[PDB]
Amino acid sequence: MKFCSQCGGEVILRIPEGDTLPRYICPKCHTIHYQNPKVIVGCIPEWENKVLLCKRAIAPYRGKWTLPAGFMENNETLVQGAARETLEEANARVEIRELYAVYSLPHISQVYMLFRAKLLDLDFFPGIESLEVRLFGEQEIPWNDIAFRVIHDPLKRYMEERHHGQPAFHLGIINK
Amino acid sequence: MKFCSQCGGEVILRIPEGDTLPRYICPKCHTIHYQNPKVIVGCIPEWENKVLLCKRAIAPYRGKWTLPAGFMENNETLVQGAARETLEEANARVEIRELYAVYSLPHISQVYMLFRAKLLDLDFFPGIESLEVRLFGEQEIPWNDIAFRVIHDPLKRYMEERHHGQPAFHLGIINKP
Ligand SMILES: [Cl-]
Ligand SMILES: [Cl-]
Ligand SMILES: [Cl-]
Ligand SMILES: [Cl-]
Ligand SMILES: [Cl-]
Ligand code: NA
Ligand code: NA
Ligand SMILES: [Zn+2]
Ligand SMILES: [Zn+2]
């Protein structure tokens with residue numbers, strides 16, 4: 001961050017009194033500019049015993065597979081965000097069900113929230129961020145070609161736990 | 001937002017082609033400025049059958065009770081955030097346990113995450129954000145003096161479910177007041 005969004009002055013890194021870490025502050029308007037982590041919302045679209053994955057079109061990891069997911073926007077709920085991201089990436093209509101996974105990615109100041117979801121029809125197809133979209137049985141999922149560990153781990157757990165009953169919600173951490 | 005954080009130019013609001021909502025864009029450096037919701041992490045510190053609440057020193061609703069809670073920071077996990085906000089508001093050491101409540105406040109683009117917590121000792125006292133901090137049993141909670149609906153609602157549910165069993169995690173939505 002180079003400039004102040006409120007007045008256009010150049011910002012500088014200072015540790016406020018009582019704190020131990022720097023914040024960008026603006027000496028022209030005398031205000032502190034806080035940075036906060038970002039939420040990524042998405043879901044596991046289920047159809048019969050299959051799940052919908054998307055092959056990414058945009059780096060990083062083009063050609064690798066993932067779940068519909070992306071940055072939450074302002075003026076929406078978590079559920080609204082997950083359904084919107086699914087429609088945008090996969091042209092797919094889902095009903096969002098239980099929150100399944102919450103992951104902290106502290107190194108990149110991200111939080112992933114992954115919901116269970118019911119695919120409502122098969123009339124789906126790639127949006128611009130996707131090369132392709134399709135349903136996979138558990139034995140079809142290309143585990144080695146999943147883009148992100150934050151997607152790979154909860155998905156594998158989900159598929160495996162649901163042989164035994166309704167997968168239990170869990171909280172994860174992926175470090176650098 | 002008035003100026004570009006990257007070049008200092010004035011930003012303007014415009015709807016990108018293919019979109020319906022406006023974004024801040026900078027015509028000088030030709031970039032879009034995305035604004036995103038903010039997480040507030042907190043917890044319900046439990047000691048025996050009581051919970052720790054804090055009386056607010058700083059508006060809005062100073063004089064009102066809340067749970068320890070605050071904006072998550074960069075380079076921390078959700079659990080660290082919860083433990084950190086409680087140490088800061090109340091000088092209380094907690095062990096963070098299960099996530100209990102996740103609320104969306106779309107009108108102000110916030111998400112609250114509240115964890116159950118074990119209070120590790122009684123050697124707690126106000127931080128600067130708080131006038132007072134203390135333990136309340138269910139019959140002592142000043143329900144009508146709780147600052148925010150997003151705190152009141154889950155805590156009331158928590159104290160209810162606590163009677164029938166060990167409280168089930170839930171998602172909530174609080175729409176504009
Ligand atoms: Cl929601
Ligand atoms: Cl849920
Ligand atoms: Cl965590
Ligand atoms: Cl948990
Ligand atoms: Cl509220
Ligand atoms: Na997105
Ligand atoms: Na804080
Ligand atoms: Zn300024
Ligand atoms: Zn600019």
Side-chain angles (χ1 to χ4, degrees), chain A residues 1-11 17-19 21 23-24 26 28-29 33-41 70-81 88 96-99 102-113 115 127-128 168-176, chain B residues 1-11 18-19 21 23-24 26 28-29 33-41 70-82 88 96-99 102-113 115 127-128 168-176:
Chain A
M1 188 198 305
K2 303 190 231 308
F3 296 85
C4 173
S5 65
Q6 287 315 299
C7 82
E10 308 205 6
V11 297
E17 195 46 29
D19 297 10
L21 301 168
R23 306 284 201 172
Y24 285 103
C26 179
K28 233 197 194 170
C29 73
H33 287 272
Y34 307 87
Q35 296 180 295
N36 301 93
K38 288 176 195 304
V39 182
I40 295 177
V41 275
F71 290 102
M72 220 190 150
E73 325 259 16
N74 276 2
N75 303 119
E76 79 185 354
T77 72
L78 287 162
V79 151
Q80 282 182 332
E88 279 171 13
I96 305 303
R97 293 174 70 154
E98 303 88 0
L99 185 62
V102 176
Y103 270 81
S104 293
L105 301 185
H107 53 294
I108 45 157
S109 296
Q110 289 184 353
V111 170
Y112 270 67
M113 333 246 69
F115 288 86
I128 192 87
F169 169 76
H170 70 112
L171 204 75
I173 300 166
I174 283 145
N175 291 110
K176 216 313 194 304
Chain B
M1 188 187 301
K2 320 201 163 79
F3 295 86
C4 176
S5 65
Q6 292 303 100
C7 81
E10 297 176 336
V11 295
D19 299 10
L21 308 178
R23 307 304 227 238
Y24 285 110
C26 182
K28 196 182 173 212
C29 71
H33 291 269
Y34 292 107
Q35 285 168 131
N36 292 149
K38 293 175 183 289
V39 185
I40 293 184
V41 64
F71 287 104
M72 218 194 146
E73 309 276 6
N74 284 0
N75 307 126
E76 75 175 5
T77 69
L78 289 161
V79 173
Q80 289 176 323
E88 286 178 6
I96 300 302
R97 294 165 88 86
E98 299 107 307
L99 181 64
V102 170
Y103 278 65
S104 300
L105 291 74
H107 58 294
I108 49 164
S109 300
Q110 303 182 342
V111 174
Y112 275 65
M113 317 253 79
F115 291 87
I128 198 60
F169 158 73
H170 63 103
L171 230 89
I173 302 164
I174 291 154
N175 302 296
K176 157 97 194 211

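Letters A, B, ... mirror the listed sequences (proteins, then strands); counts begin at 1.
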Contact origin within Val11(B) toward chain A - heavy atom pairs under 4.5 Å: neither
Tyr34(A)/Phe71(B) aromatic ring centres below 6.0 Å: no
Per-residue contact mode, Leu78(B) against chain A (heavy atom under 4.5 angstrom): both
Among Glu98(A), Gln80(A), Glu10(A), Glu73(A), residue most engaged with chain B (heavy-atom pairs, under 4.5 Å): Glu73(A)
Contacting region of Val79(A) [heavy-atom separation from chain B under 4.5 Å]: side chain
Pairwise distance CG(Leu21(B)) to CG(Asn75(A)) - rounded to 0.5 angstrom: 8.5 Å
CZ/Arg23(A): more than 12 non-hydrogen atoms of other groups inside 6.0 Å: yes
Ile173(A), part contacting chain B, at a heavy-atom distance under 4.5 Å: side chain
Greatest number of heavy atom pairs closer than 4.5 Å to chain B - which of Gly9(A), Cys7(A), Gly18(A): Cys7(A)
Least distance between heavy atoms, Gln35(A) atom then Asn74(B) atom: CB-ND2, 3.7 Å
Residue part contacting chain A, namely of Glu76(B), when any heavy atom lies under 4.5 Å: backbone
Heavy-atom pair of closest approach, residues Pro37(A) and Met72(B): CD-O, 3.3 Å
Residue selection (most heavy-atom pairs with chain A, distance under 4.5 Å) from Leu171(B), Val102(B), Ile128(B), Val39(B): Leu171(B)
Residues of residues 105-113 of chain B within contact distance of chain A, non-hydrogen under 4.5 Å: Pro106(B), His107(B), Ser109(B), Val111(B), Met113(B)
Option in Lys2(B), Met1(B), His33(B) with maximal non-hydrogen atom pairs under 4.5 Å from chain A: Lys2(B)
Nearest atoms (heavy-atom pairs only) where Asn36(B) meets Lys38(A): OD1-NZ, 3.0 Å
Residue part contacting chain B, namely of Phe169(A), when any heavy atom lies under 4.5 Å: side chain
